[PDB]
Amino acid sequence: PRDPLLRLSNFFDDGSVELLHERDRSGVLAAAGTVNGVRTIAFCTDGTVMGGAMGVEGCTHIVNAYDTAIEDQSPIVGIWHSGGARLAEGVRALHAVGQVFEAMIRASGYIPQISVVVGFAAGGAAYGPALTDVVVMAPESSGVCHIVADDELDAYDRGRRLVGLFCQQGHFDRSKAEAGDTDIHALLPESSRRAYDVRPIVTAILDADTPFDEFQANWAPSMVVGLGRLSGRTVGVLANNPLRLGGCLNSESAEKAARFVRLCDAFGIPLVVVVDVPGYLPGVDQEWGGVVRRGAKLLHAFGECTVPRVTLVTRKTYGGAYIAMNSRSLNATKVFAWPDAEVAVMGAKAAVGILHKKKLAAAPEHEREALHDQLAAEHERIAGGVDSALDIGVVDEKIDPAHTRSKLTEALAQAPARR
């Protein structure tokens, strides 16, 4: 039921399991197999022996599995179900667990590491998955966990799909991009003032027949990140979500976006950045909790990034959030805008209030409103994205939204694999 061989067999392609060592009561079993054709290493802790508690010989098989995966550059998948370290083994067990961590650290950014957590998971079984790239959790067991599966079988499914996304990247296909084009703009609400869930726009850009594997959907909900396929090719998507916190960036969403960029960058996965963000969320909590540093992590992640990364401005992009959301100044591949997009320091009404403050305060009370409006409409006419933005080359092209999918695909495909 919790039998490590059953669990490994459910994970791996049907005929494919080869054990990496003799079965024993060490509390782990490691095997090679294939995942939809890809040689993959996996290990399962043994829920049947001491609740899966981790000891010296078990950790050794994990470290051995990592050495093999690293040597053959295969992805490596951990299946968890463990309540902590074998206490009776004392410091030897701590050391052996530290050795699993060191192997994960050696693997980091080099081979994909996916954790599928299927039982109660504590100690080494909490930190170990936290050193991996993706964590899939099954009900029987922030932003630590990326994907919540429906049940144990569905977790293997999502785990399997993740191997395919990292290891079977695929190729951009101009034909498939175009045949999947639609007027994505029709997905926005009628008023520019209404909030909306960005997720349908994401899934309308990405291939119709493919799941979008959103990461950490309930952590930092003003930011949506995850992996999917664009004309068959694995891409990472980052999109502000106006439904939550007005779509604003904040400490959590900056950290979520920044980790996800680093991940895609490490594995050569191009990025689609869907922007509609009015700024960072003001707040005492934000300043005091170090948003400045967090925001700096997102600037740094995009600025260092070398995979192709294309921005699509759907509605707004303002201020420091505009800079952070894969702007040209950060060395962005291409920046596209829908026809009614705006790129500005802030909204025209707020801008006018500052720029013409004294003149507004000098008008009588009863004319102040009409004047404020006239000034804001003029300020719109002057700049009002994306006109000024096009003129200085920080937006490359204003596009027909019907061609969003193909335009994005074309820009990512034309890009070098590594800037």
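The first residue of the sequence shown is number 1, and the count goes up from there.
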Just how many deposited residues go unmodelled from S141 to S142: none, 1 to 3, 4 to 9, or 10 or more?
10 or more
According to the deposited model, is the average Cα temperature factor higher in 40 to 48 or in 362 to 370?
362 to 370
Which of 288 to 296 and 78 to 86 has higher mean CA B factor, as the PDB entry lists it
78 to 86
Options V272, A149, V135, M104 - largest CA temperature factor per the record:
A149
In this PDB entry, which of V235, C305, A122, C167 has the top CA B-factor?
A122
Lowest, middle or highest third: where is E255 by Cα B-factor in its chain?
lowest
Third of the chain, ranked by Cα B-factor, where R244 sits:
middle
Could you place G180 in the lowest, middle or highest third of its chain by Cα temperature factor, using the values in the record?
highest
Chain-relative C-alpha B factor for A415 (record values, thirds): the middle
Quick one: classify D340 as lowest, middle or highest third of the chain based on its Cα B-factor.
middle
